Structure formats: C-alpha cells, structure tokens
Amino acid sequence: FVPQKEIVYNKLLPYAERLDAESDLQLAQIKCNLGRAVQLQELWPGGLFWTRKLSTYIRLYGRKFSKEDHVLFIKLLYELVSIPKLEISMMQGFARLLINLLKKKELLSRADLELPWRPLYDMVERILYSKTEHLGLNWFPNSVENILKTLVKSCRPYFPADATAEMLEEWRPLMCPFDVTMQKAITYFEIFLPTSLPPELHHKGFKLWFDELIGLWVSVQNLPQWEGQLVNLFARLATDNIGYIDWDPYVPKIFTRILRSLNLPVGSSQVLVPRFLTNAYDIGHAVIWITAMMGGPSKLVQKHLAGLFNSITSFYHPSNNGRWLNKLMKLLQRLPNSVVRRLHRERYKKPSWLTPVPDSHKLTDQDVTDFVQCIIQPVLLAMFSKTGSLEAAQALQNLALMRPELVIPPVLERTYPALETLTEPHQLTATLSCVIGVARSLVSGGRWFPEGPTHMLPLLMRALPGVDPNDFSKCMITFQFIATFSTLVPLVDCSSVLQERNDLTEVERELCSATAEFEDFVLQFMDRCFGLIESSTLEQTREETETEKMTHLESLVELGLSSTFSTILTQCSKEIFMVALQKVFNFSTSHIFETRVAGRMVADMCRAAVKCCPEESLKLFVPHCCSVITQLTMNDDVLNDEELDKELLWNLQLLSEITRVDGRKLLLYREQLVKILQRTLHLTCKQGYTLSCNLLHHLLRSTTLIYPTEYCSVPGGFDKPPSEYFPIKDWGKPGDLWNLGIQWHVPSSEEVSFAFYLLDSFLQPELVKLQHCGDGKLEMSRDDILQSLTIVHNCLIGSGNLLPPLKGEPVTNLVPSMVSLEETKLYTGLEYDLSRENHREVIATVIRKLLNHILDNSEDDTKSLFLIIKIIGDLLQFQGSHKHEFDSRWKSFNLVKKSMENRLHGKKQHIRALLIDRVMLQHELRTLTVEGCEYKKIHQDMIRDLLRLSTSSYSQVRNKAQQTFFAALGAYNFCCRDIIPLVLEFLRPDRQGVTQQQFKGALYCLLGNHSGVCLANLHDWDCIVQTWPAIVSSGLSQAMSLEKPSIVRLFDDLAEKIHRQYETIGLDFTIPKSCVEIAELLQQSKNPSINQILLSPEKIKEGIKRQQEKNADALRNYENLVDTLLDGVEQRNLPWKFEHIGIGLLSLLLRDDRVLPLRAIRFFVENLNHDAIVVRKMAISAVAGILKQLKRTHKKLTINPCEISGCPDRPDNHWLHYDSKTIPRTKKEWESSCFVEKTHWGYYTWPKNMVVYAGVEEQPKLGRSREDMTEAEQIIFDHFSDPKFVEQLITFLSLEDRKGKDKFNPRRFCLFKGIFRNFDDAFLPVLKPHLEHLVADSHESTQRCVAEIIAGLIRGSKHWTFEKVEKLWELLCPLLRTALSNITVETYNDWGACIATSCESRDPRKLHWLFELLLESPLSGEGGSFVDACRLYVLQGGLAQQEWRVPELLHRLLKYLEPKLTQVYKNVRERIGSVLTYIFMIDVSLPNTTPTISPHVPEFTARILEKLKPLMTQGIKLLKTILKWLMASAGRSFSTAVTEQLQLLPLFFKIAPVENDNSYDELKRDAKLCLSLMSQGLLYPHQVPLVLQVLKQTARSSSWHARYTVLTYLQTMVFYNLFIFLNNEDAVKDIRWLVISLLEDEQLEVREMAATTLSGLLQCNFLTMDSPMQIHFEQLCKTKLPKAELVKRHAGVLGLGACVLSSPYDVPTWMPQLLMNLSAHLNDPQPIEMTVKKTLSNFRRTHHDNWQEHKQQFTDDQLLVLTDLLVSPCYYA
Ligand SMILES: O=P(O)(O)O[C@H]1[C@H](OP(=O)(O)O)[C@@H](OP(=O)(O)O)[C@H](OP(=O)(O)OP(=O)(O)O)[C@H](OP(=O)(O)OP(=O)(O)O)[C@@H]1OP(=O)(O)O
Ligand SMILES: O=P(O)(O)O[C@H]1[C@H](OP(=O)(O)O)[C@@H](OP(=O)(O)O)[C@H](OP(=O)(O)O)[C@@H](OP(=O)(O)O)[C@H]1OP(=O)(O)O
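For the sequence shown, the residue numbers in the UniProt record's numbering are 26 to 1233, 1242 to 1545, 1568 to 1738, 1754 to 1843.
Take a look at the structure:
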C-alpha cells in the first residue's frame, strides 16, 4: 500500500473520490512499462513515453508514491542520465524529471538515498567542457548548461560522506592561479562540493576545504572570473551551515567587497575607471550570504549592515539616480525577502533531515527589529524613485511581516498627503503601490499595530477620485488598490452590533461605527465608474472606416473594472448588494451604449452584478432585455437588414454577456432565452448574429463546465447569516485550505439535457444546411455559409465538454513498440454517455464535405475558410477549457498570489479568493493534460485537410491554418512521421503542376516559425533523411520563384533554424547491464503496482535484436544522408543559394563517434579551393574536424614525481624544479626528459596519477607513406602533396574578407594544427615557397595567412621526433626573424596571437628556439621604435602563457629592461609597463605559499627608489615607465600593493596636478590617474598602519599639491576599503586626526578639500560626530582677529560647514544649532564669507525637497534667521 509522500490541491476538487483509483492505476502502469522499456532495450518509443507520463504524473498528483517507490524512480533515472555517451537531447529529457524527484529535499532522508558523483562528472565534462563541439563534432542543446547544474544541485546532498575528499583530490591539482584551468576547478567547487551535510560529518565536509579556500578568497584583491564563483559557493555554504562557521574573522573583508561591488562614484573625479570590474558579485547571491550571518550572539554582522546602508543612504535619494541604482534597488528587494525566509526556516518550518539552526544562532526579536530600523530609511527613499516603486513595495511588504508597528506609520504619513495634493502627482502612483504590499499587514490588527483598520476606510474613501478617465496609471493603481482592500474587509454595515455588546474593544468599536460608509463607498464607486465609462465611449471620427477593436489600454480598463468591481460586489452584504443592484440596472437600461468599447464595459459591470446573487439579479435583467429584443426585432421584417437599430443591437450584448451566471439558475428562463435565439440568431447583420452566437455560446458554457460560483472570503458568505456572527472579526482572515467551504457547479441532468436541447435545435439545423451545400444540393451564398459556421463554431467551442473526441486507430506506418503506448485518461467530472449522438463526429464529416466543396467551387471565400480553421482547431484539441486562457489565468494567479502573500508563516495565510481559483486552476489543468493521444484515422484526415489549407491560395488563410497545423502536430503521438512524406510532395522537382502558393506554403510548414514543432529539423534519422535532401533538391528544379524576396528570406530562415536547433543524434542506444534497477522496479514494487505479469523469458533477446537493428538503421540512415546531400550539392544546374544550404547541412553531420564517409572527405578537401568564400570558410571548419577524427591516439604513462627531482607547498616546490626551464634544455638527448605539456600541472599539488606521454617510438610512427596508411581516409594526403592544390589554397587564404574586421583566425589555426599533427611535416617540403614568399610581403593579408601556418607548425610539432624538431626550426628560426623584422600596424595583433598561440599547452623545454629568438633583442631597434614595441608585445604573450614554468627568462628580460627602461619612447613605455606586470605576476603572497624563483616586487622596487632618490632629469624619465607599469598592475596582479611600492606614493603626490586637465604634461596626467587606480584598489588589514604612515608623512609639510591629493586619495580609499578601516579602530582615529589637522593648512585650496573630505566621511558614517569634534570647532570659530589667525578662524567655519553639508536630506537635533552660529560668520572677512555663503546656499538647495517636514525641526525664532539671509552670488549684488 502507498503512504503518499506529498500530494496537492485535489482533495478539495469535487470529484475527489475518484482521484485514488485513477491515480494509482496510472502509477501502476508507470511501474510496469518504465521498467519494461529499460529492460527490453527500448528508449525511442517507450523510454520517453513513460518518462513523459511520470513527468505528467508528478505535475498532476504531486508525488503520491512511497519512499521505496521514490528511490526506484531516482535510481532508474540517475542510471539513465549516467549512461556513458548517450544522445544528449534525450539526456535532458531524463534530466528534468530527475530534477523534479529530487528538488524537494525533505521528502527523502540521507539514510534513505545515496548517489555517486563521478557519473555526474563524466556527464558534465562531456557536455560542458567538451574537447569536441568547437570543431563541429558535437552539437549540444542550448539549455544544457543550466539543466546539468540544477541536476547536480539536486543530487549533491546525497553524495556519500567519504566522497568530498574524493572530490577534493581531483580538481585540487587544477588550482594554479595563472592558467585557465583554475576556473575549471572553482566552477566544479561551486557545483559539486557537498555543503548540506548533517553536523556529525563536518570533518568530512567544509572543514576539509573551508580555511583552505576562504584563505584564498581573502588574499586575491584582483577580481578574477573565479572570485564570483566562490561568493556563490560561500553563500550556499553559509545558508546551510548556520551556526558552524565563525564568520567573525572574515566579516569586515566580506562587507567591504559587497560595498565595492556596488561600484559607487566617490571623489568628484572618482575614476580612472577600472574596466576589470565588469565581473563582480551577484548581490542576489550576496543577500543569501549576509542573511546567513545575522543570528550570532555577538551581533557583529548587524552593525555592518547598519554601516552599509548609512554609508549609501544618499544614493537611494530620488534625486541621486544613476547607473548604480539597478544593483541598489535589487539589494532592497532581496534582503527583507531573505530575512523573512530565514525566519520562516526557524520558526514555522517543520523539522526534517536537514539540520536546523542552533538555538544560539537564531534571529531574536531584537535582531529583526534592528534589521528593519537600518533599512527603513533607504526603503522610504526608494519609494519615490524615478525608476518606479516596484522594488520598494516588495521590500515594504516583507518588512511589514516582521515589524508592522515600525514600518506602516512611516508609509501612511506619506500616503494621506499623496491622495489630496493636486501637485507632485508621482506620489499617488507610488504611495498607493506601497499600501498594496502593506495591505495584508494593515487590515490585520496584531498585538503591536492595532490601529491598522482605522486607516482602512479613510484611505479607501479618499482613493475614489483616483478612478479618473485621464490618467490610466492612477486608474490602474486605484483599481488595484480598492480590489486588494475589498477582498480583505467585508463591506457590511455594523449598527445592530453597535448596540450593547461587550465584544467590541476600543479599536474594534471604532471600526464598526466607520462601517456606515460602506454603502457610501460602493455607491460612490459606481457613480465614479459610470463617469469612467460614459466619458470613454468610442467616437467614430473617420467616415470611411469603423474602429472595431478595443485597444490594449482600453481592454485593461475593462478587465481592471471587471476585476475591481466584481470583488467589491462579492465582498458585500445582501442589504448593500440590492441597493447597489438597482444602481446598475437603472444605469445600463436607461442608456444606449456603443457596443464596441462601452458595450463590453457596461455589460461586464452587469456581469459582476449577476455572478454574486443570480436570483435577485436575473429577476430584472433578462425580463427587461428579452421584452425589448422581441419588441425591436420581430415586429417589422428586421430579419433581413443591413444595419440593426442600435438599441436592439445593444440589448443583445446586454443579454449575451450577462447570461453566464451559474447555470442552475438559468433553468428558470428556458422559455425566454430559446425564444430570442430562434429569432435573432439567423439575422443578416454581421454583428447581429455574433451577439446572438455569443448568447448561445455562454449558455452552453454555463451548462457544461465545472466552476466555482462564489469567491468570497468566508465560506458561508457575507449575506446568508446576517447578525449571527460579528463581521468585523473576519478582516484578517487567513482563509484555511482545509474546510474551505468551496461551492461548485457540476452540470445536472436538467442542465445537460438543456445543453443538448440547444444543440439539437441550432447545431443540427445549421449542419443540414452545410451538408446540402457541400453536396451540391443547396448552393448557399458566400455570407450564408459564413453565418452558419459561426453557429457550428460557437456550439462546438462552448459545449465541447459534452463531446467525445474520436475513434478509428490508424496504425501500421507509425513507430512500433515493445511496451504499452496507451493514452492517459483523466476523469474531469462528467460521464458523456456516448450512445446517443456524438455531435463532434458529425461536424467532422460535414466539414470534410464542406471544405472539399469550398476549395473547388469558391476559392475566394476567405472568411468561410477562417471559420473552418477555427472549428478544426477545436474539433481536434478542445475539451472544456482553452489552452491559452488557462495560461493567462495561470499568470494572473501568480501575479496576485506573489503580490499579497505572508512569507513569514507559510501556506496558512493565502486568502480564500486566491485558493478557490487555484483549485479551479487544478481542474483546468486536468482538462488540458492530454499527454498521450493515439493518432487515429480521423486525425490522419483532419490534419491532411489542414495541410491543404496550409498550402492554399491565400496567405491570410495559410497563416491561420499552419498555426492549427503546428498545434495539431504536437498533440498526437507519431504524426510527424506520417506527414513529412505528404508535405514534401509539394517540393519535388518531378511534380508537374505545383503553384507558387502551393510551393512556399509547404515551406512554411517545414519552417515551424514557433516554439512547438520544427517539421524539417526533427530529432530522428528517418525524418532527417527526407527533409534535408528535399530542401537541397528544391531549387535545381521546382516552381521555386527565387526572384521573390520573401522566399529568399524563407530559405535563409529555414537554414538558419536548422543550424540553431540541430543537436547530434545517437547511434548506439545500448542500455548498460547496470539496469537491474529496472528489474527491481518492474518486480517487487507491488505497493500500488496492480500489474501481475512479471515475465520476460526471451523477449529481452527480441528487444536486444530490435535495438541492434535500430543501431544498424541509425548508422544506415546517417551514411545515406551523406550520400543524398552530396548527390544534391554536386547536382547540375543548381542555383548557388541551394548549395550553401547543402554544404550547410553537411557541416552538421561530421561526427565524433564515427568517421565521415569517403565521398564527403573528398568533398570538403576539394571545396577548400572553391570560388565562393562562404563555402571554403566552411570547408576549413570541416576538414579541421576530419583531422580530429583521423587522430591516431597517442599512448601515455604515469610519473611518480618523487622518482625524478631526487627527493619528495602551493608554488615552486623543491620537488618541482624539473618543470622550470633554465639551463638543462634538451639539445641532443631530447628523449628521457619528462615533458609536461600543459602548464598548470604540479603547481599546487600532484594528482593521484600524474600522466605524461610515452618514451621514444612507443607513440605511433610519424614518417609514413600511402602503403602503411588507411587507404580510404587519407585522400587528404593526395591533395596537400599536389602543388596546384597547395598554391591555390595559399592564394585563397591570403585574400581579404574585410579590411577592418580581419584577425588571426583560430579556426584556420585548427585546420593547420590538425595537418602537421596528423601527417608530421609530410607537407612542409611542398610548402617551401609558400612560407618564404608570404613572410616577405608588406600586405597584412599574407602576414595573417602565414601566421596560422607558423603556429600550426609549432603546436603540431608536439609528438615529433628529435630529428624533425631540429629540422623544423632550422628553417623556422630564420623565418620568424624575417617576420618579426617586417612587423606592421595591421600585423602585430596577428603575430601577437601567433607565437602567443603556439605557447599554449607546450612545455617551455620543447620550445626554446622561440625563447632564444624572442628574447634575443626586443628593444635593440634596427628599424624604428614602433617595431620595437610590437616586438616586445609578442614577447609578452608567449611568456605569459608559460606562466609560472619559467623564472629564468623573466629575469633575463628584467635584466634586459632595467638599463633600457629609462631611455625609450612612449609606445615602448606602454609595452614595458604591460610586460613588467607579467614579469612580476608570480609574486602573489597567497596564504600557504613559498617565495618563488620568479623575480620579486620587493627586490626590484627597492632598486627603483635607489634611482628615484634625487627626487625624494633622468629620474623623471624613469617615472614614465614606473607610472605606466603601476597603471597596468592595477587589477592585473594578485596583490595590488606591495609595501615597498607604498612609498612611491609621496613621489606621485607632488607630481599629480589639481585640476586634472588635458593641458598638463604626460608625466602629470599619468600620475593623477595612477593615484586613482591605487586608491580604488583593496588593501590587506595589516596595511592600514603602513599607508596611513605614508599619508600622514606626505601631508605633514611638503607642498600644497601633495596635501591636496592626500585628501583626494583618502576619500576614494577609505570608501572602497570602508570596513577594513572600521575594524582597525586605531586607524579611524588617525584619519580623523589627519583630516581635521589639514583644515589648518596655509593653502586655502587644501583646507576646503579637507572640509569636503570631512563632510563625506561624516556622511558615510566613517566618522561619528562626537562632542569633542564640535568643541574643537566651536572653540575655534570664536577666535580674535587682530590686524595666521584668519586661517585659524576659517577652519572652524569649514568645520561647522562640513557638518552642515554632511546631512543634505535630513535635519538632525544638532543641525539647527550649528546653522545659527554658522550664520553669525556671514559678515566675517572674505575667505570666511565665501564658505558660509557656499554652505548655506548648498543647504537651501538640497533642503527644498520636503522643507515642510524640515521646518518642524526649527524654532519659529530660527526660521526668521535662515529665511532672511544673504547667500547670493556676485551677480545678484
Ligand atoms: O504548482 P506550481 O504553481 O508550479 O507551484 C508550486 C511549486 O512548484 P511545483 O509544485 O514543485 O511544480 C512548489 O514550489 P517549489 O517546489 O519550486 O519550491 C510548491 O512549493 P512547496 O509546497 O513544495 O514548498 P512550501 O510549502 O512553500 O514550503 C508550491 O509553492 P508554495 O506556494 O510556496 O507552497 P504551498 O503549495 O503553498 O504549500 C507551489 O504550489 P502552488 O501551485 O500553490 O503555487
Ligand atoms: O596541444 P594542444 O593544442 O594544447 O591540444 C591538446 C591535444 O589535442 P589535439 O589532438 O587536438 O592536438 C591533446 O591530444 P593528445 O596529444 O593527447 O593526442 C589533448 O589530449 P586528449 O586527447 O587526451 O583530450 C589535449 O586535451 P586535454 O588538455 O583535455 O588533455 C589538447 O589540449 P586542449 O584541450 O587545451 O586543446
């Protein structure tokens, strides 16, 4: 038996008694056939048909199986995605299911399930880091990167406990921080490392790697691509292991980089902008990482949040918007969203095997109060931003779940002045948006904020002018405002409870007296909405046309008034209803509205009046409307007409859109509705019958659908028990899911026999007229058929719940299967006895005769053909609900649910009006979940009749028919195999008469033009072997008008959809022997498994035999697809545009598991010399992949690195010396040298198996001829030996594809890499002239051509014998010396990526000929100076790519440059500075490292100071190389400030100018923006005594330029390091000394920057405004002036003014005092007089935003001082 693990919302559903017998029968059919599909070696029909059906079963019944059945499903799905080398598209199909079984962690414990991880790594590395799939060998899906990560994430908490040191042993040797192989490891660490381990396993957890990898993270100070992965790792480590990390030693380093990742402009020049900060921290991962730190006993992370926001409050102000605001609004959206989820995780979540937080690490009531109080001031400034109020109201909702008494009064103090202002209208858009998130916490008066619903009704009454027909932004947010209040509070009078009753409290009796205005709200809501309608009627201005479409902005106001009025009028007492029903009736019947805009809009407002009480409302509408239709239609002969009377034509829509109340209470009016349908449905006016068809439609909709009738917040309703319960208690009703009290409308036999009586009196008389017209015996008009089809369409679409689909079962051509392919059946509650009529089959036979008559006898009747598409679109796939209306109510539910949800305590607070709709969304999901559908013989005919309409004469008819055609291809099982042979019949050359509409209509059938089914690019060989040749066979002969421009865009879209969507198809579906799990799932499940067969004696041999036949035909159809394309591209009289598609389909077939067939190897090699540049650009990309296929598999062996190097920790070990190329380079005995090819090996640690290549000649033989050769696949040898082929190949490659966009092609490189690797310079004597001719040419086309061949020689010379290596460089070392001599402007990026490419993954031993040539003379300039710079830039990329493997050549190049760097030019200085950052990149100071052999920054900079000692003319020449180096080592080094470089700062301050203008020298201009890059760089917290010693020394007394720039250094250096300094509390006393002691400067320009610095430090709360600060200024202002004393008195006026400018948007308690005595220095002398005039005029500028709130902090005696005061500039005097 099954104890269900987790189910759904189906208990409530009305047919809940039948959801156990139907669910368990499908689950038993899952266990049978999914086990039998795997065990009978079948994945093409059957492995996917029951993976989809379990994917359907999870999305329909929750889990609803047992724990033993849940580990059978996981361990079957896991072993299928971990098959070695599957088909990768079906690997995702098993993947998304296997994510769904595992994403709910609480369902399966750790002791109940375990999964290995190395099957995931071979799965990931083949799909994510494939060594193919850039040469054209594999073709992956587009979604493969994120599905595999979210699968490992779902499999990660079930990895075994001994399998993370097993995981820290494999990629820990990849952590050399210089190669690209480190972010290989760090992305594996973020994905694979187990962090959600139980607390008895942390020693086998993060403690193996935490201090090893947080110590790496704190030591970088660049921003690599892998630093953003560790913040995604450490966040996930933090959020699971709360209370087991001590983040306190690392918390100032964490918040200083979250601040730094905001990238805030600070300093009034503020940037020599580092472009390395493109990569940064995803703050959405940082919010996860702050939130998991807060609950500690020492509240240390809390004040770093208060230090964070208070430093950035001025950026949330709505005047200060900029680039930073998108990260900064996103920070407010997520931190209250995440603190609440942590509070739900520790207060209301049920326990599971996931470890809870400890009691010591849990958020206290103080801790969440102090979180709101440090975020409330930035969220209220975000409320009024220019970018909207969406991010603030989502923040303000989640803050209101925690502390309502602290967050709701600061909002409603700004809301009441916003609803009555008539000036600053933006608040009403933004304050109302924020009360809607507040609304759940506002109407619910808790034990802290009980005054909430006192503000309910006055905000609700003052919002009534918001419904105005002038704004629509106010009107939508007003309709959203009142509907979100009038679904919380019942609108009931409370006066009979206002008598003697002791239940009312002080606040609750204040509510009941205010409920006298509930009727006055609803009636004034209507008188405001009637003017909203009657002033929005449609004006017919243009006399020719008729605007019939309600626009999108007006369709929202219909639905916005259909929502916001039906929610008032449901949440409403019956006494207030019926006095408001008459206001609707006395409006909508005394007027005559235009039926287009105001017709849909009045009748929807009446539709709301009927759906709330259908008895009392239908007593007066349908007697009124039917008595006036029969008066105004059947009196005269208005059956035949041209235009109806606008009142008759009104009262149909007033009746049609009103008769869709609950269909039980329409049986009273049977003999009135049928009477008008028998009189106005057969009219002549094209709007007259469509309003009558909408009447017939909605009557059938109301009498066969299951839907809820009421949507009230209380299940009894607000009307049926008056005064039995007190209504003002259920205002904050949480609306429980159990005992919901939902009321349904299941169709009775009275409502069903009437549903067929309308169908037996209007469908059948409209079907016999269509029958005799399609037979030739009635001959109706063109509009008479059009009128009759609407009756057939509105009876089908509208009563389709009663009509069974089809019968007939087409077989014998589809896919045969060994297992069941039965269609699923879901009882959506109705029987539909299926004995009497079956009306759906009759319509399908009338149409196939009617459509056969119309397409032959009248091909021009378009509007009849549009209806036939609408009926076949509903004869096939229409049960009771619509496939698009469900998707728009699914989105409208998540728009309403996610808006008003109590995230603090779980599912128990969703309101009843949401939950009733979601149960209806569960019924409507079951009405559309037709997963399996058997392709029957009627479905073989109805789609082929759509295929005639998809190819017909008119493009309006073809476009509508193809969309039904494509939707009908996705529904039925194996239809696409039936219809490809039928749709390609319009594309054959041999066809006699095929029109151009016939032709291109069939190519819009192939080009799917949607997201559902691409019919030319299916994922099967039996379909692709027909569609791809037929595209290339078209063209050469067809009726293919290639001169029409639309058909050329069609083939360019049909070819560009194939290359975008194609994904490589498997050839071997060999299910491995490790699927005993399938036998363990078929057998012995038995708890739901009612399937007693359990047999497979020799059917498993038949399944193996049919699989090997599938494996044979998939191999056969592949090699037939190659032959049919080559017979179509080498076809005579093709157009050119059809062979580029034909080569384009051959480039996708080049496979890795196979070798391409012989005629295609001959093809792509011979098409390397093609005249079309597009073809031979593809032949380069294909022959490079052929040479990968023909690779000859070198042998390997394993090195113990203790055996070599003589003896047995992160860099440059003692047992690592053989990897470093200095002296012992191989000259004669080249073998026995242990060449380690790739760079990163052996840096950090050594792997378990360090693997190098073999010795001499154990690799395969190199020099060979055609005798010992594969005699079928090296015809490529025959072409590169022919000198006519080579001389034409060298000639085509030296063309110019473009002059600007012409770079070193990395795909011509892989062409020549695969040549000289595979053939071992058998072609190099045939390329003797064509290498020596191209180097001696001035053209950049040939220098680029030769460079791909040069680097392809070098990286092809990996496995060459020592004879061939020396014979290579004997002609190659003079060849590069020629090329490096004649290097040009358009060539040094080619050579800069030529020999920097050739040093990629080679040992520095094996290429010393470069490193003796490239380091020979880079700056000994034989010709020019730009040549010497380009000769040095190519040296840079080669030495950087062999990063740590060489200490020696870095010294030999540093020893070369250390005399030369003084006497060079600027283009060489910009290279030497770019080279010296790679000479010193190895000096890293990483946490467990060793001082490397590679040259040191401290050993070099001490020599630089020895040469700059006369400065502290030839030293100023040396600064232009040091400054250009310190510009390059800004973010391009692993430690941005070595302490010997820090005293280069006082030499830079006296040079860097003040104004920073373009008129200064290059020494000055490069010294100013070198200080900007060092201040904006980080620093370790043991450098705060070291840099502050420098800046106190530099600003002590040197020169006023240096005192100025120390201040502008500080302001953008204690901000980007703001929490390093605030941890070292001795440093903030030294900043406060230096800034204040430099207000006393002898230079005025220094001291005003000292006050600008101090004003910002006070503003970011780096310096608290203590009392001895103000005593130091207030006892400095009162200073006598006898005539040094002037500068002494001024510095107090700077100091008072610095405090004034420090709070620009608030007036604190200290603020009015130090404005009054600040204003007393206004008649002071002139240096003081400017400053007081600058400070007060800047005060008044920033304080006119909300000065009415600022003036209350002033006395009335002090307002007369500040208002009447002169601070005006010179041009007012
Ligand atoms: O069916 P939908 O629309 O796709 O949405 C499902 C979600 O998708 P899924 O069912 O897995 O496909 C699933 O969320 P995730 O698995 O992704 O986390 C459920 O979460 P869960 O219940 O496990 O988690 P908890 O209860 O929130 O802790 C439900 O989310 P809540 O409302 O928060 O959950 P409640 O249903 O209210 O209990 C939600 O049910 P609704 O239909 O009402 O939106
Ligand atoms: O010398 P490289 O240009 O750096 O290329 C090598 C080379 O691949 P090619 O056959 O394309 O030249 C290796 O092949 P072998 O010498 O071992 O025959 C291959 O090794 P595998 O075939 O075992 O994959 C290795 O790949 P890897 O670094 O994953 O070991 C790959 O290096 P790249 O992937 O960086 O190109």
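Where is the CB? At the ideal position from N, CA and C, for every residue including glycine.
Alpha carbon to alpha carbon, how far is residue i from residue j?
{"i": "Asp1776", "j": "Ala331", "result": "17 Å"}
{"i": "residue 1567", "j": "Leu368", "result": "No atoms are given for residue 1567, which sits in the stretch of the chain between 1545 and 1568 that the model skips."}
{"i": "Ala1384", "j": "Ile1428", "result": "6 Å"}
{"i": "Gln1051", "j": "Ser842", "result": "22 Å"}
{"i": "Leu1409", "j": "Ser1390", "result": "16 Å"}
{"i": "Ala1064", "j": "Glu866", "result": "38 Å"}
{"i": "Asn1112", "j": "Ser860", "result": "37 Å"}
{"i": "residue 1849", "j": "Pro290", "result": "The requested residue 1849 is not part of the displayed model; the chain covers only 26 to 1843."}
{"i": "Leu1028", "j": "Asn1158", "result": "21 Å"}
Consider the C-beta atom of residue i and the heavy atoms of ligand 1; say whether any pair is separated by less than 7 Å.
{"i": "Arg943", "result": "yes"}
{"i": "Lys916", "result": "no"}
{"i": "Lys89", "result": "no"}
{"i": "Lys128", "result": "yes"}
{"i": "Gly833", "result": "no"}
Tell me, which residues are paired with residue i by DSSP?
{"i": "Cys597", "result": "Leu516"}
{"i": "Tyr1466", "result": "DSSP output for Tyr1466 lists no bridge partner at all."}
{"i": "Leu1222", "result": "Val1285"}
For residue i, which residues in the same chain have their Cβ closer than 7 Å to its Cβ, ignoring the five residues on either side in sequence?
{"i": "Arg943", "result": "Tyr34, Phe918"}
{"i": "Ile822", "result": "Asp899, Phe903"}
{"i": "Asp1370", "result": "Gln1376"}
{"i": "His310", "result": "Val256, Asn257, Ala260"}
Beta-carbon within less than 6 Å of residue i's beta-carbon, same chain only, minus the 5 sequence neighbours each way: which residues are those?
{"i": "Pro1782", "result": "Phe1824, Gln1828"}
{"i": "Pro1437", "result": "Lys1254, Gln1475, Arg1478, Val1479"}
{"i": "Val517", "result": "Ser598, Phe743, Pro752"}
{"i": "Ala1592", "result": "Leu1634"}
Whose C-beta lies closer than 8 Å to the C-beta of residue i among residues of the same chain, with five residues either side of it excluded?
{"i": "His878", "result": "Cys798, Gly799, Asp800, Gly801"}
Taking only heavy atoms of ligand 2 into account, decide whether any of them is closer than 7 Å to the Cβ of residue i.
{"i": "residue 1234", "result": "Coordinates for residue 1234 are absent; the numbering of the chain skips from 1233 straight to 1242."}
{"i": "residue 1751", "result": "Between 1738 and 1754 the numbering of the chain has a gap, and residue 1751 falls inside it, with no coordinates."}
{"i": "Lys1213", "result": "yes"}
{"i": "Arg1341", "result": "no"}
{"i": "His1219", "result": "yes"}
{"i": "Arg1350", "result": "yes"}
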